[PDB]
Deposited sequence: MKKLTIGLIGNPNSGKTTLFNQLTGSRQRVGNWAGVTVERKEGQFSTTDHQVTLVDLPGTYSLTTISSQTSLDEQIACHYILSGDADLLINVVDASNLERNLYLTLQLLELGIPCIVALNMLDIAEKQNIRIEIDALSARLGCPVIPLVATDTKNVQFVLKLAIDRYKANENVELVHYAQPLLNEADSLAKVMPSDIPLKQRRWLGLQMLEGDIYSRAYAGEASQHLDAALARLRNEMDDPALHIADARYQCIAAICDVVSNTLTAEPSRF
């Protein structure tokens, strides 16, 4: 029955509400090595709900909360990740959701605060979002107990690996140098995550270097060949990311 789930999401997106709604008062606040942990029953599982520190990005010195959240997702202790998303500010919240899907980690998106999005004249299309993200999207109003118990626990029991859908289309030189960096990293890290990490290093992420072994030292040489192939490598990563995120927001969002 054991199943470890990690709630992940932006700050002020109804994360603690959803955590509390599922856990109730079956919680244990301790400390990493604040670590918040909870328990709740499903049909097929008894879940260990690991609350993670709220963050906008798995990349960036910043606070200690940001790092532990990032490291936990890479650690791979969790079977499933439930990503609490604010529906009223989708674009802003999707950047973390993209990173989780780029890491290839099985996850369910808890699309929350839909009533606020509805009040702001925004009707998000659930099936369209699920199709383009490649993971179950559960519409929610976390504050309503009637709504939270509707399907979420049902979705948790039938979870699978994400659909291998196309997300960000980076230029080939970026994928080349990210792959070269990925070959230097320890092989126990999945190849799909090693390439993503390599790309974060090129953009100038401070965290990703930790999982790279000695690949972090080969950065400037890769950046040199990138800087002669394009004006700036870090920007081109950020450009391609935007069109992906923005293209999802367009086809998924509508007038109520």
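- Missing from the model, relative to the deposited sequence, are the stretches 1, 35-38, 66-68, 265-271.
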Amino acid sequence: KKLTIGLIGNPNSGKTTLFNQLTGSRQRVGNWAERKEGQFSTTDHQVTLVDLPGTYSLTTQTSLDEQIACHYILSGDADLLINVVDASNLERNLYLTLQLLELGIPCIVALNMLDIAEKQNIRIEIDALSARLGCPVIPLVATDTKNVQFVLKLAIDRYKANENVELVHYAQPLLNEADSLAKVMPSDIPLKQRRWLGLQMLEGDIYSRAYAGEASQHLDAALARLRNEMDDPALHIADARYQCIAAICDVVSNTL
From here on, numbers count along this sequence of modelled residues.
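Each form is matched to the other, and the largest set of C-alpha atoms that superpose within 1.5 Å is called the rigid core.
- The higher RMS C-alpha distance to the shown form in 7 other deposited structures of this protein, out of 123-131 and 182-190, belongs to 182-190, with every structure fitted on the core.
- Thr60, though modelled here, lacks coordinates in at least a third of the other entries of this protein that were compared and that model residues flanking it.
- Across the two stretches, 195-203 and 34-42, the PDB entry reports the greater mean Cα temperature factor for 34-42.
- In this PDB entry, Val47 carries a Cα temperature factor that places it within the middle third of its chain's modelled residues.
- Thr143: CA B factor lies in the middle third for its chain, per the PDB record.
- In the PDB entry, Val252 places in the highest third of its chain by CA B-factor.
- When all modelled residues of the chain are sorted by CA temperature factor, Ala182 is found within the middle third.
- Among all modelled residues in this chain, the alpha-carbon of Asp127 has a temperature factor (C-alpha) in the middle third.
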